[PDB]
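Here is the structure we will look at, set down as structure tokens.
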Amino acid sequence: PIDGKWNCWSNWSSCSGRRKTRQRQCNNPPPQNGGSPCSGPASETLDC
Amino acid sequence: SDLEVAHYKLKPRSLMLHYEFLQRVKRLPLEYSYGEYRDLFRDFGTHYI
Amino acid sequence: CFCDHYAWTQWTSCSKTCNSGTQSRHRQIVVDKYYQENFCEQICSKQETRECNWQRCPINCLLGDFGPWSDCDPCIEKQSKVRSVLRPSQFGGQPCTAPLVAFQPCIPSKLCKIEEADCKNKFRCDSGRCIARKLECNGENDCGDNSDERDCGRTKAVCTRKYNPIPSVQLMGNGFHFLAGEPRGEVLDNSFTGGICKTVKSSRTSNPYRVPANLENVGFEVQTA
Amino acid sequence: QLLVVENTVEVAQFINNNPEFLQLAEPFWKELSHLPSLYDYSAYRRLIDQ
Amino acid sequence: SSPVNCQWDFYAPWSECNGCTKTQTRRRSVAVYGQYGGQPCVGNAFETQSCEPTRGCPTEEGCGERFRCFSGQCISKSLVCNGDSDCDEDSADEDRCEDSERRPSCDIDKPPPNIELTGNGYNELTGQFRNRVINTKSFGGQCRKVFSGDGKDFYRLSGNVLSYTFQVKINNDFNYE
Amino acid sequence: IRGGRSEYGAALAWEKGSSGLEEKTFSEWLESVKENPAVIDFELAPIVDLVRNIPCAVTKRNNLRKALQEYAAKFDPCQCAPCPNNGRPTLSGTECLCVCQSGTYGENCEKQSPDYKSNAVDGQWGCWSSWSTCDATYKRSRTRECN
Amino acid sequence: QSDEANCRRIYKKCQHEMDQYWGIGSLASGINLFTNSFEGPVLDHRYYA
Amino acid sequence: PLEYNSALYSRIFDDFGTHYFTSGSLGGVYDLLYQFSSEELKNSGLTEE
Amino acid sequence: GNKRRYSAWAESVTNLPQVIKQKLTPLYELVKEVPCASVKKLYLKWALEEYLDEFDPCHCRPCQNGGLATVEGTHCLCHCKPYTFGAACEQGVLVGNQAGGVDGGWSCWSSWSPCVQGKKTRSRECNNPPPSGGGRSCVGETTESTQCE
């Protein structure tokens, strides 16, 4: 089993509210009887 | 086995800094330029206990 | 029989939330060749019952309202406001959880009529205890502040040996809370010698224990009470 | 199944004095001296955290 | 069960402004607590504003007739040069003090073997002991020896503790099932 | 185990007792008890007798008697609900705590030992009545009902 | 030694034999929180004041 | 205080209690309870046709 | 464990004892010897009230299997009884005896009444959970009242 690994969180979304996303991609969680999915959160949002 | 032997707490206030850290701070630029604070963290890190 | 061929059921929910309920669990018996031949009727108990929630039901504390503020003492310059327990907590009910007495700073109306009653002749320790003058410069700290010993010459009457204290001797001088049945703060200084050296040799091999002046008698016979 | 629960007491009790005769630790007293004299809950919360 | 993501409340209004700092503060309560591993709330529960204060910063009343420890605590002048550090952290009552003037205040200075823990505060919710709150070793210029029959050793009690005693209890609970 | 020294008393308490008494262990612990006794029984005198040789000694003494009477009237354990299994109640200001008889155990005596028998063999004082008004001889009086 | 340099009389306060707390100087090191790894000394835990 | 105040006097009993020992015996108390249960069941059948 | 090891430990405790029983006094009773001490003592009383209101497990929805919630800042943990686990203590099996059912648990207090008659009042529901299945009732009073500030 290969465990999932986050890619780097996105830049700050332009202000109308503030947000980031993580594609859970950098290591794919599913391959080779893929292990745990990545941690949460996949997406993070904030006040500007 | 989790073994615990002593509890340490730093005082909240009026800490006496180490010379080396003191001086490195003294040399920080007043204008922001990331490279110097980066070197500071790479020397001393980001947090204290 | 292999009575657990006829498995025991799960227990009842307890009959009451507190004060010794009971719960029981019968078997899933079925009468069968196996049941009859293996004597499973004869010696397999068909159900068991046990105690549950035995501890007595919780009683929560209740507090009355505060009384009036007290007439202010000139020398505390705080006045006291106090309330009463209507019932204590017990059996795990909620504690009273709040102060039974409050204080408020006053501006006093009268003056303090208390003044120092400085003793006529005993040595006044800086603590202000008045102690038998002969203890001053006797060579033992009796005030505990060494005020007796502060500016002194010949140690007139220190004992020939540092005799050990009696075992647990200070437990004898703690105050006792009769209503609580628990020891409390140190009431009597059972460390005070008063310069006499009188001592009891618990056993021939043990060194003598120095008897403090607060104790009249001591005995060390072992009794199987 | 085993359960063992065991206690030793060696200091039968301590009884601290009432607040009128207790001495405050200098750091704690110094924190009290900086409490904002108003309901800035952030400050008293930090004190309770400590 | 389902995670429940934590959500902040709106900010409360600002506190009155601290005259010692000229700052106001407002708290952001937690509307919904994060639960079952639902994401905790993100960011600070407080923010700070500058102001103009209406109220002034209260000053220290100094020690007057009493000795002042460097921290600003005050003690009886009778304690200066006890040979005991009656200022808690500073020991200022023992600065530049001649050993010819230092009295042999007590035979010993070893406190009971972990008395400092009695000084600690306690958090009644979390059940954790917390930091040192009471000075458990202000001897008050007394030589208050106690002999521990357990440790077979003399310890110096503080001048102010009501009692400290060393009788033992032992409780054993043992179960086989 | 109460009293003695932790090494030896510990040793003893750890003895399960299948054997009964490990006589070595017990003797050692008894020696410890000689080294560090615990209070077992006592005769009380009221603390107020001690207040002596102090400024205003008598005024403080009499104030203290008055306070002691108010304090007992306020915090006497008679106002507790009765303990099970002949537990004697005791009150520490805000909570009643039951002292269990030997042969009764658990947090507040609720489970008996197998040998206890003696079921509902009970009885302990109720609280004092308030004082009666002043009688023909101007004596007030109060009663307590064993109930 | 500047503090003690040229003193006419040095008043030894801590005359007794006293140890430092074991590893206390480690805790004066800053940490890089993102690495959880100690770095240069930031606080002077040998200052007794 | 010289004046009567029920609270401040009551603190005395809180801190020191109401009574002191005029006589006593000091001692040791040993309390032990041991309880054992065993239940044992055996069965063995044969049937032949 | 070995008789020796227990004995030696029980000896060593005499030299490194921990506090095991305590009777507590509120921390505000120590606010003393400072400017505005009397005022700070009230504001610390109120702040302790606020802190309890922040960290009372009433905010935590029920754990299963007698799990006890605690407020880890903004995040309720469930602390699970032996060999019970998962986010609600839903997985696994309890061990030993249990009373069964769902012991009820208090809802967080109402905000106090606005000093009506100069008395605060507030109420709590026991709703969280309802005592179910013959589980034990929530322990304590349903309502409070106290004198105003």
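Numbering starts fresh at 1 for the residues of each chain in the structure tokens, the chains themselves are lettered A, B, ... in the order given, and ligands are numbered from 1 as they appear.
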- Residues of chain F within 10 Å of chain E, counting only C-alpha atoms, as a count of residues only: 23
- Item | Distance query residue F:99 at most 12 Å, only C-alpha atoms, self and fewer than 4 positions along chain excluded, as a PyMOL selection string | (chain C and resi 180-182) or (chain F and resi 77+82-91+103-110)
I'd like to know which residues of chain A are strand (DSSP E) (by DSSP, run on the backbone); could you write them as a compact mmCIF listing (two decimals) with C-alpha atoms, in the first residue's frame?
# COMPACT_ATOMS: atom_id res chain seq x y z
CA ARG A 18 -10.00 33.65 1.26
CA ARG A 19 -9.37 30.02 0.39
CA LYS A 20 -6.82 27.32 -0.46
CA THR A 21 -7.04 23.82 -1.92
CA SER A 43 -9.57 22.65 1.07
CA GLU A 44 -9.06 25.49 3.53
CA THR A 45 -10.93 28.81 3.62
CA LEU A 46 -10.73 31.99 5.62
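For stretch 130-141 of chain I, the residues within 6 Å (counting only C-alpha atoms, excluding itself and residues fewer than 6 positions away along the chain) are residues 13, 17 and 94 of chain C; 101, 102, 103, 104 and 105 of chain I.
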Written selection (N, CA, C and O atoms) as a compact mmCIF listing (two decimals), in the first residue's frame:
# COMPACT_ATOMS: atom_id res chain seq x y z
N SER C 13 -31.01 -4.30 31.57
CA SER C 13 -30.73 -2.97 32.12
C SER C 13 -31.05 -2.94 33.61
O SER C 13 -32.03 -3.54 34.06
N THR C 17 -31.79 3.39 38.71
CA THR C 17 -30.59 4.16 38.41
C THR C 17 -29.63 4.22 39.59
O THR C 17 -28.45 4.53 39.39
N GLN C 94 -23.86 17.20 43.29
CA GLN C 94 -23.07 18.38 42.97
C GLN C 94 -22.58 19.05 44.24
O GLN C 94 -23.36 19.22 45.19
N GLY I 101 -27.40 0.91 29.04
CA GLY I 101 -28.13 2.12 28.69
C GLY I 101 -27.23 3.31 28.45
O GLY I 101 -26.01 3.25 28.49
N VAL I 102 -27.88 4.44 28.19
CA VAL I 102 -27.22 5.71 27.87
C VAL I 102 -27.44 6.66 29.04
O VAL I 102 -28.52 7.24 29.18
N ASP I 103 -26.43 6.83 29.88
CA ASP I 103 -26.49 7.86 30.92
C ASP I 103 -26.73 9.23 30.27
O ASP I 103 -25.95 9.67 29.43
N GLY I 104 -27.81 9.89 30.68
CA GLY I 104 -28.05 11.25 30.24
C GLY I 104 -26.91 12.20 30.57
O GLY I 104 -26.07 11.94 31.43
N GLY I 105 -26.88 13.32 29.85
CA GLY I 105 -25.88 14.35 30.05
C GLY I 105 -26.39 15.77 29.87
O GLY I 105 -27.12 16.06 28.93
- Query: Could you pull the residues within 9 Å of residue F:60, counting only C-alpha atoms, minus those fewer than 3 positions along the same chain, as an MDAnalysis selection string?
  - Reply: (chainID F and resid 51 54:57 63:65) or (chainID H and resid 1:4 9)
- Shell around stretch 36-38 of chain I at 9 Å using only C-alpha atoms, local window under 3 positions removed, as JSON, numbers by chain: {"C": [104, 105], "D": [32, 33, 37], "E": [58], "I": [31, 32, 33, 41, 42]}
- Message: Using only C-alpha atoms, I'd like every residue of chain E that has an atom within 12 Å of chain B; please write them out as an MDAnalysis selection string.
- Response: chainID E and resid 71 89 117 120 129:132
